[PDB]
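Here's the structure, in structure tokens; my notes come after.
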Amino acid sequence: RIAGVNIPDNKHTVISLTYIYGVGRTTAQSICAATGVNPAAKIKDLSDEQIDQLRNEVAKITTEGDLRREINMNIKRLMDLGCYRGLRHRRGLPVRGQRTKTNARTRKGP
RNA sequence: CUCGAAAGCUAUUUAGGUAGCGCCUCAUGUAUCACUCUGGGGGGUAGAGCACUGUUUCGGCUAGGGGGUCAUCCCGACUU
Ligand SMILES: [Mg+2]
Ligand SMILES: [Mg+2]
Ligand SMILES: [Mg+2]
């Protein structure tokens, strides 16, 4: 609603744009370069004018409310085909080819 | 010589005792009473019924738990 989500205050611009969930850190360094907003000032000190140009960039990359939708179909395409990358992805095993006998605990919990 | 019962009720340290009412008798009064016919009158019993509360048999049409279950990593449902 503010830029797609709420944006914190009393912070620099590149840090503030990070919470938009679809722009990391290197991408938000291009947006202040392409628009011209100084990151060295806070978001409080800005004008209420050029935020549309920041909002123009949000309408060109992705939005987290639909980013998580479309990335699920990338998962969902892998599951319903029954390919090996979606075979373990149904179950909960690691995917990229890690070791399974021990230590793969961030995909199985405590 | 004339008339003629009861073994009921309530209470009881009561139950085989006793006391009030019900039933007999003799007096005094006073006027109602039985039987039957024609009336008016409420009722919930025998019977009967399944509208309620329950209980019972068969049949259909089914909701379902799904019983099978094509069975789908895990999801459709195949089938009945
Ligand atoms: Mg006699
Ligand atoms: Mg005695
Ligand atoms: Mg009867």
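Following the order of the structure tokens, chains are lettered A, B, ..., residues in each are numbered from 1, and ligands are numbered from 1.
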Taking only C-alpha atoms (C1' of nucleotides) into account, which residues of chain A are within 12 Å of chain B, as an MDAnalysis selection string?
chainID A and resid 79:84 86:93
If you keep N, CA and C atoms, can you produce a file of those selected residues as a tab-separated table (two decimals), in the first residue's frame?
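Written output follows (result12.tsv):
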chain	number	residue	atom	x	y	z
A	79	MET	N	6.35	-31.41	-9.21
A	79	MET	CA	5.75	-32.51	-8.46
A	79	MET	C	4.87	-33.38	-9.34
A	80	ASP	N	3.97	-32.76	-10.11
A	80	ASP	CA	2.96	-33.53	-10.83
A	80	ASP	C	3.53	-34.26	-12.04
A	81	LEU	N	4.71	-33.87	-12.52
A	81	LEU	CA	5.37	-34.65	-13.55
A	81	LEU	C	6.03	-35.90	-13.01
A	82	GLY	N	6.28	-35.97	-11.70
A	82	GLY	CA	6.96	-37.12	-11.16
A	82	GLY	C	8.42	-37.21	-11.51
A	83	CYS	N	9.04	-36.09	-11.86
A	83	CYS	CA	10.48	-36.09	-12.08
A	83	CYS	C	11.21	-36.22	-10.75
A	84	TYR	N	12.49	-36.57	-10.84
A	84	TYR	CA	13.27	-36.84	-9.63
A	84	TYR	C	13.47	-35.60	-8.78
A	86	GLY	N	11.27	-33.33	-8.40
A	86	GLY	CA	10.02	-33.15	-7.69
A	86	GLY	C	9.61	-34.39	-6.93
A	87	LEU	N	10.32	-35.50	-7.15
A	87	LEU	CA	10.04	-36.72	-6.41
A	87	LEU	C	10.41	-36.57	-4.94
A	88	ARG	N	11.63	-36.10	-4.67
A	88	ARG	CA	12.01	-35.81	-3.29
A	88	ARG	C	11.39	-34.52	-2.79
A	89	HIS	N	10.99	-33.63	-3.69
A	89	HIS	CA	10.44	-32.35	-3.26
A	89	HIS	C	9.04	-32.51	-2.71
A	90	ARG	N	8.34	-33.57	-3.10
A	90	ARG	CA	7.11	-33.96	-2.43
A	90	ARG	C	7.38	-34.36	-0.99
A	91	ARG	N	8.44	-35.13	-0.77
A	91	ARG	CA	8.63	-35.80	0.51
A	91	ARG	C	9.21	-34.86	1.56
A	92	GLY	N	10.32	-34.21	1.24
A	92	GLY	CA	10.97	-33.32	2.19
A	92	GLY	C	12.48	-33.45	2.20
A	93	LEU	N	13.01	-34.32	1.35
A	93	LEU	CA	14.44	-34.53	1.23
A	93	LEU	C	15.12	-33.31	0.62
Site check for ligand 1: residues at most 12 Å away, only C-alpha atoms (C1' of nucleotides) and all ligand atoms, as a PDB file with C-alpha atoms (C1' of nucleotides), in the first residue's frame:
ATOM      1  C1'   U B   2     -90.706 -56.460  71.364  1.00  0.00           C
ATOM      2  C1'   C B   3     -86.155 -54.791  68.620  1.00  0.00           C
ATOM      3  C1'   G B   4     -81.305 -56.402  66.878  1.00  0.00           C
TER       4        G B   4
END
Once you count only C-alpha atoms (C1' of nucleotides) and all ligand atoms, which residues end up within 12 Å of ligand 3, and could you hand them over as a ChimeraX atom specification?
/B:45-49
If the limit is 12 Å from any atom of ligand 2, counting only C-alpha atoms (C1' of nucleotides) and all ligand atoms, which residues qualify? Return them as a ChimeraX atom specification.
/B:14-18
Distance query residue 46 in chain A at most 12 Å, only C-alpha atoms (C1' of nucleotides), self and fewer than 4 positions along chain excluded, as a PDB file with N, CA and C atoms, in the first residue's frame:
ATOM      1  N   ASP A   9      10.954   3.726   8.585  1.00  0.00           N
ATOM      2  CA  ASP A   9      11.403   5.105   8.577  1.00  0.00           C
ATOM      3  C   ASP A   9      12.706   5.220   9.360  1.00  0.00           C
ATOM      4  N   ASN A  10      13.273   6.435   9.334  1.00  0.00           N
ATOM      5  CA  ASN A  10      14.563   6.775   9.950  1.00  0.00           C
ATOM      6  C   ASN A  10      15.704   5.902   9.435  1.00  0.00           C
ATOM      7  N   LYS A  11      15.612   5.464   8.184  1.00  0.00           N
ATOM      8  CA  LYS A  11      16.621   4.615   7.577  1.00  0.00           C
ATOM      9  C   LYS A  11      17.005   5.181   6.223  1.00  0.00           C
ATOM     10  N   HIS A  12      18.145   4.725   5.722  1.00  0.00           N
ATOM     11  CA  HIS A  12      18.552   5.074   4.377  1.00  0.00           C
ATOM     12  C   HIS A  12      17.684   4.331   3.362  1.00  0.00           C
ATOM     13  N   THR A  13      17.778   4.760   2.104  1.00  0.00           N
ATOM     14  CA  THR A  13      16.796   4.360   1.102  1.00  0.00           C
ATOM     15  C   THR A  13      16.994   2.921   0.643  1.00  0.00           C
ATOM     16  N   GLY A  36      17.321   8.461  -9.415  1.00  0.00           N
ATOM     17  CA  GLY A  36      18.091   9.610  -8.972  1.00  0.00           C
ATOM     18  C   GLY A  36      17.943   9.929  -7.504  1.00  0.00           C
ATOM     19  N   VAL A  37      17.207   9.117  -6.750  1.00  0.00           N
ATOM     20  CA  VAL A  37      17.042   9.342  -5.323  1.00  0.00           C
ATOM     21  C   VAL A  37      18.353   9.045  -4.610  1.00  0.00           C
ATOM     22  N   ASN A  38      18.785   9.966  -3.760  1.00  0.00           N
ATOM     23  CA  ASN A  38      19.992   9.771  -2.966  1.00  0.00           C
ATOM     24  C   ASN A  38      19.702   8.780  -1.845  1.00  0.00           C
ATOM     25  N   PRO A  39      20.456   7.682  -1.724  1.00  0.00           N
ATOM     26  CA  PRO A  39      20.290   6.819  -0.546  1.00  0.00           C
ATOM     27  C   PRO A  39      20.823   7.433   0.730  1.00  0.00           C
ATOM     28  N   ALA A  40      21.727   8.414   0.637  1.00  0.00           N
ATOM     29  CA  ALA A  40      22.373   8.980   1.817  1.00  0.00           C
ATOM     30  C   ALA A  40      21.416   9.775   2.695  1.00  0.00           C
ATOM     31  N   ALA A  41      20.296  10.232   2.150  1.00  0.00           N
ATOM     32  CA  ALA A  41      19.254  10.853   2.949  1.00  0.00           C
ATOM     33  C   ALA A  41      18.281   9.793   3.452  1.00  0.00           C
ATOM     34  N   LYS A  42      17.527  10.153   4.485  1.00  0.00           N
ATOM     35  CA  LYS A  42      16.528   9.238   5.007  1.00  0.00           C
ATOM     36  C   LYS A  42      15.284   9.240   4.127  1.00  0.00           C
ATOM     37  N   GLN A  50       8.411  12.010  -6.126  1.00  0.00           N
ATOM     38  CA  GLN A  50       9.147  11.076  -6.965  1.00  0.00           C
ATOM     39  C   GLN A  50       8.976   9.634  -6.529  1.00  0.00           C
ATOM     40  N   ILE A  51       8.123   9.384  -5.534  1.00  0.00           N
ATOM     41  CA  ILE A  51       7.924   8.033  -5.033  1.00  0.00           C
ATOM     42  C   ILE A  51       7.165   7.188  -6.052  1.00  0.00           C
ATOM     43  N   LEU A  54       9.724   5.538  -7.867  1.00  0.00           N
ATOM     44  CA  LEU A  54      10.051   4.338  -7.111  1.00  0.00           C
ATOM     45  C   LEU A  54       8.942   3.304  -7.253  1.00  0.00           C
TER      46      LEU A  54
END
